[PDB]
$ cat work.pdb   # PDB, N, CA and C atoms
ATOM      1  N   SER V 438       0.787  -1.242   0.000
ATOM      2  CA  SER V 438       0.000   0.000   0.000
ATOM      3  C   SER V 438       0.838   1.321   0.000
ATOM      4  N   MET V 439       0.309   2.366  -0.677
ATOM      5  CA  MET V 439       0.935   3.675  -0.897
ATOM      6  C   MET V 439      -0.020   4.789  -0.499
ATOM      7  N   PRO V 440       0.461   6.053  -0.347
ATOM      8  CA  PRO V 440      -0.464   7.144  -0.027
ATOM      9  C   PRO V 440      -1.492   7.386  -1.128
ATOM     10  N   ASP V 441      -2.684   7.874  -0.739
ATOM     11  CA  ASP V 441      -3.784   8.122  -1.667
ATOM     12  C   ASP V 441      -3.508   9.099  -2.819
ATOM     13  N   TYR V 442      -2.597  10.051  -2.620
ATOM     14  CA  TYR V 442      -2.301  11.052  -3.637
ATOM     15  C   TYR V 442      -1.542  10.474  -4.783
ATOM     16  N   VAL V 443      -0.817   9.379  -4.554
ATOM     17  CA  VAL V 443      -0.064   8.786  -5.634
ATOM     18  C   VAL V 443      -1.037   8.412  -6.763
ATOM     19  N   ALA V 444      -2.113   7.654  -6.411
ATOM     20  CA  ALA V 444      -3.165   7.266  -7.343
ATOM     21  C   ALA V 444      -3.932   8.472  -7.836
ATOM     22  N   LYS V 445      -4.266   9.436  -6.966
ATOM     23  CA  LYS V 445      -5.095  10.574  -7.374
ATOM     24  C   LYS V 445      -4.354  11.599  -8.237
ATOM     25  N   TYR V 446      -3.024  11.551  -8.243
ATOM     26  CA  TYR V 446      -2.234  12.531  -8.952
ATOM     27  C   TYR V 446      -1.270  11.836  -9.854
ATOM     28  N   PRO V 447      -1.811  11.127 -10.896
ATOM     29  CA  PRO V 447      -0.940  10.405 -11.829
ATOM     30  C   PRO V 447      -0.221  11.359 -12.775
ATOM     31  N   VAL V 448       0.625  10.842 -13.668
ATOM     32  CA  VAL V 448       1.391  11.627 -14.643
ATOM     33  C   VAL V 448       0.482  12.594 -15.381
ATOM     34  N   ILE V 449       0.865  13.873 -15.413
ATOM     35  CA  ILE V 449       0.039  14.869 -16.136
ATOM     36  C   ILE V 449       0.129  14.612 -17.677
ATOM     37  N   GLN V 450      -1.020  14.738 -18.352
ATOM     38  CA  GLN V 450      -1.140  14.530 -19.784
ATOM     39  C   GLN V 450      -1.723  15.718 -20.538
ATOM     40  N   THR V 451      -2.586  16.520 -19.894
ATOM     41  CA  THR V 451      -3.230  17.669 -20.531
ATOM     42  C   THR V 451      -2.899  18.963 -19.796
ATOM     43  N   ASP V 452      -3.134  20.108 -20.457
ATOM     44  CA  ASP V 452      -2.918  21.424 -19.855
ATOM     45  C   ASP V 452      -3.927  21.689 -18.748
ATOM     46  N   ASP V 453      -5.158  21.150 -18.908
ATOM     47  CA  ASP V 453      -6.254  21.239 -17.935
ATOM     48  C   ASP V 453      -5.865  20.531 -16.640
ATOM     49  N   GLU V 454      -5.263  19.325 -16.750
ATOM     50  CA  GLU V 454      -4.803  18.534 -15.610
ATOM     51  C   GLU V 454      -3.765  19.333 -14.886
ATOM     52  N   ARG V 455      -2.786  19.895 -15.610
ATOM     53  CA  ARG V 455      -1.739  20.735 -15.020
ATOM     54  C   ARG V 455      -2.336  21.887 -14.213
ATOM     55  N   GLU V 456      -3.360  22.555 -14.747
ATOM     56  CA  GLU V 456      -4.027  23.659 -14.031
ATOM     57  C   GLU V 456      -4.780  23.171 -12.803
ATOM     58  N   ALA V 457      -5.374  21.972 -12.865
ATOM     59  CA  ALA V 457      -6.090  21.375 -11.745
ATOM     60  C   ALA V 457      -5.147  21.060 -10.588
ATOM     61  N   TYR V 458      -3.983  20.428 -10.874
ATOM     62  CA  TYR V 458      -2.932  20.107  -9.914
ATOM     63  C   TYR V 458      -2.412  21.396  -9.290
ATOM     64  N   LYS V 459      -2.326  22.482 -10.082
ATOM     65  CA  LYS V 459      -1.898  23.782  -9.568
ATOM     66  C   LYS V 459      -2.909  24.333  -8.531
ATOM     67  N   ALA V 460      -4.223  24.170  -8.812
ATOM     68  CA  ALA V 460      -5.276  24.660  -7.957
ATOM     69  C   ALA V 460      -5.204  23.933  -6.639
ATOM     70  N   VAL V 461      -5.029  22.603  -6.710
ATOM     71  CA  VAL V 461      -4.890  21.744  -5.531
ATOM     72  C   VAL V 461      -3.624  22.126  -4.720
ATOM     73  N   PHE V 462      -2.483  22.352  -5.417
ATOM     74  CA  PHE V 462      -1.230  22.717  -4.765
ATOM     75  C   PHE V 462      -1.379  24.033  -3.982
ATOM     76  N   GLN V 463      -1.987  25.057  -4.617
ATOM     77  CA  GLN V 463      -2.215  26.362  -4.001
ATOM     78  C   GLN V 463      -3.087  26.244  -2.756
ATOM     79  N   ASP V 464      -4.137  25.391  -2.782
ATOM     80  CA  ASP V 464      -5.054  25.233  -1.650
ATOM     81  C   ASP V 464      -4.399  24.561  -0.473
ATOM     82  N   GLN V 465      -3.778  23.424  -0.739
ATOM     83  CA  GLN V 465      -3.108  22.594   0.240
ATOM     84  C   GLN V 465      -1.857  23.242   0.799
ATOM     85  N   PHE V 466      -1.179  24.101   0.005
ATOM     86  CA  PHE V 466       0.010  24.787   0.492
ATOM     87  C   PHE V 466      -0.343  25.763   1.587
ATOM     88  N   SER V 467      -1.420  26.536   1.423
ATOM     89  CA  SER V 467      -1.810  27.482   2.476
ATOM     90  C   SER V 467      -2.157  26.775   3.792
ATOM     91  N   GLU V 468      -2.839  25.642   3.712
ATOM     92  CA  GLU V 468      -3.200  24.799   4.851
ATOM     93  C   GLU V 468      -1.912  24.302   5.512
ATOM     94  N   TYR V 469      -0.976  23.812   4.674
ATOM     95  CA  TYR V 469       0.284  23.260   5.120
ATOM     96  C   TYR V 469       1.111  24.286   5.813
ATOM     97  N   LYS V 470       1.203  25.471   5.219
ATOM     98  CA  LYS V 470       1.990  26.549   5.762
ATOM     99  C   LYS V 470       1.545  26.750   7.212
ATOM    100  N   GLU V 471       0.234  27.010   7.417
ATOM    101  CA  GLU V 471      -0.359  27.256   8.723
ATOM    102  C   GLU V 471      -0.095  26.168   9.700
ATOM    103  N   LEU V 472      -0.400  24.975   9.310
ATOM    104  CA  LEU V 472      -0.196  23.841  10.173
ATOM    105  C   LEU V 472       1.260  23.686  10.575
ATOM    106  N   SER V 473       2.182  23.714   9.587
ATOM    107  CA  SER V 473       3.591  23.519   9.853
ATOM    108  C   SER V 473       4.145  24.552  10.792
ATOM    109  N   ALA V 474       3.768  25.820  10.595
ATOM    110  CA  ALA V 474       4.187  26.939  11.429
ATOM    111  C   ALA V 474       3.813  26.648  12.895
ATOM    112  N   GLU V 475       2.529  26.267  13.143
ATOM    113  CA  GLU V 475       2.015  25.913  14.460
ATOM    114  C   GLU V 475       2.797  24.779  15.088
ATOM    115  N   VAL V 476       2.993  23.704  14.346
ATOM    116  CA  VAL V 476       3.719  22.528  14.805
ATOM    117  C   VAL V 476       5.160  22.897  15.169
ATOM    118  N   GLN V 477       5.820  23.659  14.296
ATOM    119  CA  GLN V 477       7.187  24.062  14.526
ATOM    120  C   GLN V 477       7.278  24.913  15.777
ATOM    121  N   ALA V 478       6.339  25.863  15.941
ATOM    122  CA  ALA V 478       6.254  26.756  17.088
ATOM    123  C   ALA V 478       6.272  25.961  18.368
ATOM    124  N   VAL V 479       5.397  24.966  18.487
ATOM    125  CA  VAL V 479       5.320  24.122  19.673
ATOM    126  C   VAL V 479       6.633  23.404  19.905
ATOM    127  N   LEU V 480       7.155  22.800  18.840
ATOM    128  CA  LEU V 480       8.386  22.043  18.903
ATOM    129  C   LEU V 480       9.515  22.937  19.389
ATOM    130  N   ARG V 481       9.501  24.202  18.922
ATOM    131  CA  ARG V 481      10.454  25.252  19.284
ATOM    132  C   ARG V 481      10.284  25.748  20.699
ATOM    133  N   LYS V 482       9.046  25.908  21.180
ATOM    134  CA  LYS V 482       8.684  26.322  22.533
ATOM    135  C   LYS V 482       9.399  25.384  23.459
ATOM    136  N   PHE V 483       9.307  24.087  23.188
ATOM    137  CA  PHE V 483      10.007  23.087  23.965
ATOM    138  C   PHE V 483      11.508  23.247  23.769
ATOM    139  N   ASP V 484      11.936  23.621  22.550
ATOM    140  CA  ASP V 484      13.352  23.814  22.258
ATOM    141  C   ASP V 484      13.931  24.903  23.178
ATOM    142  N   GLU V 485      13.180  26.001  23.363
ATOM    143  CA  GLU V 485      13.531  27.104  24.250
ATOM    144  C   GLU V 485      13.612  26.592  25.679
ATOM    145  N   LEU V 486      12.642  25.762  26.081
ATOM    146  CA  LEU V 486      12.619  25.165  27.405
ATOM    147  C   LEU V 486      13.853  24.293  27.619
ATOM    148  N   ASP V 487      14.221  23.494  26.600
ATOM    149  CA  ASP V 487      15.390  22.622  26.653
ATOM    150  C   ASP V 487      16.650  23.455  26.857
ATOM    151  N   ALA V 488      16.778  24.546  26.092
ATOM    152  CA  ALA V 488      17.898  25.468  26.209
ATOM    153  C   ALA V 488      17.974  25.993  27.635
ATOM    154  N   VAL V 489      16.828  26.405  28.217
ATOM    155  CA  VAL V 489      16.745  26.891  29.599
ATOM    156  C   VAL V 489      17.290  25.817  30.556
ATOM    157  N   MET V 490      16.943  24.551  30.299
ATOM    158  CA  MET V 490      17.448  23.446  31.098
ATOM    159  C   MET V 490      18.798  22.993  30.561
ATOM    160  N   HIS V 510       8.787  20.575  33.718
ATOM    161  CA  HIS V 510       9.535  19.983  32.608
ATOM    162  C   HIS V 510       8.841  18.732  32.102
ATOM    163  N   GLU V 511       8.501  17.828  33.032
ATOM    164  CA  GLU V 511       7.824  16.557  32.785
ATOM    165  C   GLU V 511       6.505  16.751  32.058
ATOM    166  N   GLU V 512       5.729  17.792  32.437
ATOM    167  CA  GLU V 512       4.465  18.117  31.776
ATOM    168  C   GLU V 512       4.722  18.507  30.328
ATOM    169  N   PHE V 513       5.827  19.230  30.085
ATOM    170  CA  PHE V 513       6.230  19.670  28.753
ATOM    171  C   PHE V 513       6.626  18.481  27.895
ATOM    172  N   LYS V 514       7.265  17.473  28.512
ATOM    173  CA  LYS V 514       7.629  16.232  27.838
ATOM    174  C   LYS V 514       6.350  15.509  27.409
ATOM    175  N   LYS V 515       5.332  15.497  28.291
ATOM    176  CA  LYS V 515       4.026  14.895  28.020
ATOM    177  C   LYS V 515       3.350  15.649  26.889
ATOM    178  N   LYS V 516       3.467  16.992  26.902
ATOM    179  CA  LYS V 516       2.916  17.875  25.879
ATOM    180  C   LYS V 516       3.511  17.499  24.523
ATOM    181  N   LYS V 517       4.829  17.234  24.511
ATOM    182  CA  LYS V 517       5.571  16.808  23.334
ATOM    183  C   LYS V 517       5.026  15.476  22.818
ATOM    184  N   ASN V 518       4.656  14.556  23.714
ATOM    185  CA  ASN V 518       4.107  13.255  23.330
ATOM    186  C   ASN V 518       2.568  13.225  23.309
ATOM    187  N   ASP V 519       1.931  14.405  23.411
ATOM    188  CA  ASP V 519       0.475  14.456  23.364
ATOM    189  C   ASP V 519      -0.004  13.810  22.062
ATOM    190  N   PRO V 520      -0.974  12.875  22.133
ATOM    191  CA  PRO V 520      -1.460  12.217  20.910
ATOM    192  C   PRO V 520      -2.095  13.160  19.890
ATOM    193  N   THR V 521      -2.829  14.188  20.375
ATOM    194  CA  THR V 521      -3.499  15.216  19.569
ATOM    195  C   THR V 521      -2.451  15.932  18.716
ATOM    196  N   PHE V 522      -1.378  16.416  19.363
ATOM    197  CA  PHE V 522      -0.290  17.103  18.684
ATOM    198  C   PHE V 522       0.448  16.129  17.806
ATOM    199  N   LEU V 523       0.645  14.917  18.303
ATOM    200  CA  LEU V 523       1.352  13.894  17.568
ATOM    201  C   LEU V 523       0.649  13.604  16.238
ATOM    202  N   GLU V 524      -0.711  13.550  16.257
ATOM    203  CA  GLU V 524      -1.607  13.364  15.109
ATOM    204  C   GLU V 524      -1.438  14.536  14.141
ATOM    205  N   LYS V 525      -1.453  15.776  14.693
ATOM    206  CA  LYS V 525      -1.235  17.066  14.024
ATOM    207  C   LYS V 525       0.101  17.050  13.281
ATOM    208  N   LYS V 526       1.162  16.538  13.917
ATOM    209  CA  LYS V 526       2.479  16.422  13.315
ATOM    210  C   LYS V 526       2.449  15.431  12.136
ATOM    211  N   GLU V 527       1.746  14.285  12.282
ATOM    212  CA  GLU V 527       1.648  13.272  11.217
ATOM    213  C   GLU V 527       0.909  13.770   9.972
ATOM    214  N   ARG V 528      -0.176  14.584  10.170
ATOM    215  CA  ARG V 528      -0.964  15.209   9.094
ATOM    216  C   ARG V 528      -0.092  16.188   8.341
ATOM    217  N   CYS V 529       0.732  16.875   9.085
ATOM    218  CA  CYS V 529       1.682  17.826   8.566
ATOM    219  C   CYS V 529       2.707  17.135   7.639
ATOM    220  N   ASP V 530       3.187  15.954   8.049
ATOM    221  CA  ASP V 530       4.118  15.187   7.256
ATOM    222  C   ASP V 530       3.434  14.680   5.991
ATOM    223  N   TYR V 531       2.170  14.221   6.103
ATOM    224  CA  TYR V 531       1.370  13.795   4.955
ATOM    225  C   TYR V 531       1.272  14.946   3.941
ATOM    226  N   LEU V 532       0.877  16.150   4.428
ATOM    227  CA  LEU V 532       0.784  17.352   3.603
ATOM    228  C   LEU V 532       2.076  17.720   2.880
ATOM    229  N   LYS V 533       3.232  17.735   3.589
ATOM    230  CA  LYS V 533       4.518  18.024   2.936
ATOM    231  C   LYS V 533       4.760  17.043   1.789
ATOM    232  N   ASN V 534       4.456  15.754   2.011
ATOM    233  CA  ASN V 534       4.649  14.692   1.029
ATOM    234  C   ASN V 534       3.722  14.811  -0.169
ATOM    235  N   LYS V 535       2.396  15.041   0.097
ATOM    236  CA  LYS V 535       1.391  15.256  -0.942
ATOM    237  C   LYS V 535       1.823  16.413  -1.871
ATOM    238  N   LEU V 536       2.141  17.581  -1.284
ATOM    239  CA  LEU V 536       2.528  18.767  -2.049
ATOM    240  C   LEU V 536       3.755  18.520  -2.880
ATOM    241  N   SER V 537       4.742  17.897  -2.267
ATOM    242  CA  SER V 537       5.994  17.596  -2.928
ATOM    243  C   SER V 537       5.749  16.748  -4.177
ATOM    244  N   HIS V 538       4.914  15.687  -4.038
ATOM    245  CA  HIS V 538       4.541  14.796  -5.124
ATOM    246  C   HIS V 538       3.851  15.555  -6.248
ATOM    247  N   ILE V 539       2.886  16.425  -5.902
ATOM    248  CA  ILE V 539       2.152  17.207  -6.897
ATOM    249  C   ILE V 539       3.102  18.139  -7.634
ATOM    250  N   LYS V 540       4.001  18.805  -6.879
ATOM    251  CA  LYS V 540       4.995  19.705  -7.453
ATOM    252  C   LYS V 540       5.863  18.951  -8.463
ATOM    253  N   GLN V 541       6.334  17.751  -8.059
ATOM    254  CA  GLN V 541       7.156  16.884  -8.888
ATOM    255  C   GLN V 541       6.423  16.593 -10.186
ATOM    256  N   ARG V 542       5.129  16.244 -10.105
ATOM    257  CA  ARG V 542       4.306  15.917 -11.271
ATOM    258  C   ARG V 542       4.261  17.069 -12.268
ATOM    259  N   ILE V 543       3.936  18.265 -11.750
ATOM    260  CA  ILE V 543       3.817  19.466 -12.542
ATOM    261  C   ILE V 543       5.099  19.760 -13.239
ATOM    262  N   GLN V 544       6.210  19.731 -12.493
ATOM    263  CA  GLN V 544       7.536  20.017 -13.035
ATOM    264  C   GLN V 544       7.890  19.096 -14.171
ATOM    265  N   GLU V 545       7.635  17.785 -14.020
ATOM    266  CA  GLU V 545       7.920  16.779 -15.039
ATOM    267  C   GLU V 545       7.244  17.137 -16.346
ATOM    268  N   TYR V 546       5.952  17.522 -16.296
ATOM    269  CA  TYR V 546       5.149  17.942 -17.451
ATOM    270  C   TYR V 546       5.725  19.231 -18.045
ATOM    271  N   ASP V 547       6.121  20.161 -17.156
ATOM    272  CA  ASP V 547       6.700  21.467 -17.476
ATOM    273  C   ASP V 547       8.014  21.357 -18.230
ATOM    274  N   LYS V 548       8.840  20.344 -17.888
ATOM    275  CA  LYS V 548      10.128  20.033 -18.543
ATOM    276  C   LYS V 548       9.879  19.576 -19.987
ATOM    277  N   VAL V 549       8.836  18.742 -20.179
ATOM    278  CA  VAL V 549       8.341  18.235 -21.462
ATOM    279  C   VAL V 549       7.732  19.413 -22.240
TER     280      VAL V 549
END
$ encode --input "work.pdb" --output "structure tokens"
Amino acid sequence: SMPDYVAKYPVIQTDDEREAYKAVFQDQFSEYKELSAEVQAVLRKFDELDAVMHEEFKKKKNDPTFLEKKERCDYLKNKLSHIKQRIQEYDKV
């Protein structure tokens, strides 16, 4: 098994497909930007705490909610990257 975007975003063949992938990239990038910034901020907040040096903060780091948030963020970086790769390949042609 592979991520869902692999199947949903096959090799571009038409100019319309290229524009559709662009629309999807623009939408998902704004979502990704926001999410990643938030995730990094938290990770950094702890980074500042680490520099200062607690247990509650370690738990916060392993919070399942945030942990889930971090995994969605990784999915998004991967999805966007794949779509970008697709567009570029067509663009080179």
$ atom_distance --input "work.pdb" --atom1 "CA of residue 526 (chain V)" --atom2 "CA of residue 443 (chain V)"
20.6 Å
$ atom_distance --input "work.pdb" --atom1 "atom C of residue 440 (chain V)" --atom2 "atom C of residue 547 (chain V)"
24.0 Å
$ closest_residue --input "work.pdb" --among "V:488, V:474, V:452, V:461" --to "residue 538 (chain V)" --atoms "only C-alpha atoms"
V:461
$ closest_residue --input "work.pdb" --among "V:516, V:542, V:470, V:481" --to "residue 455 (chain V)" --atoms "only N, CA and C atoms"
V:542
$ select_by_dssp --input "work.pdb" --residues "chain V" --states "helix (DSSP H, G or I)" --output "PyMOL selection string"
chain V and resi 441-445+452-489+511-517+520-548
$ atom_distance --input "work.pdb" --atom1 "CA of residue 513 (chain V)" --atom2 "atom C of residue 533 (chain V)"
27.1 Å
$ axis_aligned_box --input "work.pdb" --around "region 462-479 of chain V" --padding-each-side "8 Å" --output "JSON"
{"center_x": 1.1, "center_y": 24.9, "center_z": 7.2, "size_x": 28.3, "size_y": 21.1, "size_z": 41.3}
$ residues_around --input "work.pdb" --residues "residue 473 (chain V)" --least-positions-apart "6" --cutoff "8 Å" --atoms "only N, CA and C atoms" --output "ChimeraX atom specification"
/V:467,479,525-526,528-530
$ closest_residue --input "work.pdb" --among "V:543, V:476, V:532, V:439" --to "residue 459 (chain V)" --atoms "all atoms listed in the file"
V:543
$ closest_residue --input "work.pdb" --among "V:451, V:484, V:457, V:469" --to "residue 534 (chain V)" --atoms "only C-alpha atoms"
V:469
